[PDB]
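The chain below stands alone, shown as structure tokens; this is the form deposited in one PDB entry.
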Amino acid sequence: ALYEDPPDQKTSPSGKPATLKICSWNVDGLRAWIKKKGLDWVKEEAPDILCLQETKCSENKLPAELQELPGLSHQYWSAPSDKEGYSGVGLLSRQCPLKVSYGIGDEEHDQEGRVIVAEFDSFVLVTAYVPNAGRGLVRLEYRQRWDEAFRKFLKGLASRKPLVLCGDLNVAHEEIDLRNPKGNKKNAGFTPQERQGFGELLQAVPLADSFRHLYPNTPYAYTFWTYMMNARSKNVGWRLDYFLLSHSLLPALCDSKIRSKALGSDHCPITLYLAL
């Protein structure tokens, strides 16, 4: 069936108002996305922090439209070392961060422009574009090394500040997070190993799955539909884009959204509301 994301809850479980709006979006071609009216949608959503994944754009080519962006003044980018046109992430934020790191501290997993870390006063925000297992699972064993090292790094991080992980994690955690689960159990993003990986990330750091925590039996809620076969029109998609929260910040959670109606990519954007 189709999905209607419920209205935005901007008060916390204790009725404190939301102070902080993090929107995250796998833009699948920053340049294509900007041309497809993507930045207009960002201006009207008006986040405090915008996280972008799969920018597929070097720093040189970064379109002009982004310098204009004024509520998202501080702007951080990471693209791979030697593979041009591939992967890439960004982190734009209204307020200026205390510190910005690139990578997870592992030479092996830091060559593809996938993670930005941003320390704010109350918490630390990691935004990640996780590597796909590949068509035919050619990268699936790399993905298991990634998942284990990314888990270790994130456990280390969250032991020092509360942690918001956002972005495209390239796995549908459970059979509710995708429309055709039994047909994809051998495909990238729903192998037992990717799903086992996610659950270990949830129990190890630990982190609660922001959206599922609030809506644990809502189905047909997805972040990505393939461009092929009119899949988005039939809403035949996957939940790939999460906010993963330290349990500590669960009482700061106001709401976690899926912006199904925002076009511009093969992922819709998700949005987090915190009282901080």
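In this text, rigid core is short for the largest set of C-alphas that superpose within 1.5 Å between two forms. Start at 1 with the first residue shown and count on from there.
Although it is not shown, the form deposited in another entry is what the next lines describe.
Here the rigid core is superposed between the shown form and the other one, and of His109, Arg179, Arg151, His173 the C-alpha of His109 is the only one to shift by 2 Å or more. The pair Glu107 and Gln75 is at least 3 angstroms closer at the CA level in the other entry than in the present model. By 3 Å or more, the C-alpha separation between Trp77 and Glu107 shrinks in the other entry relative to the form shown here.
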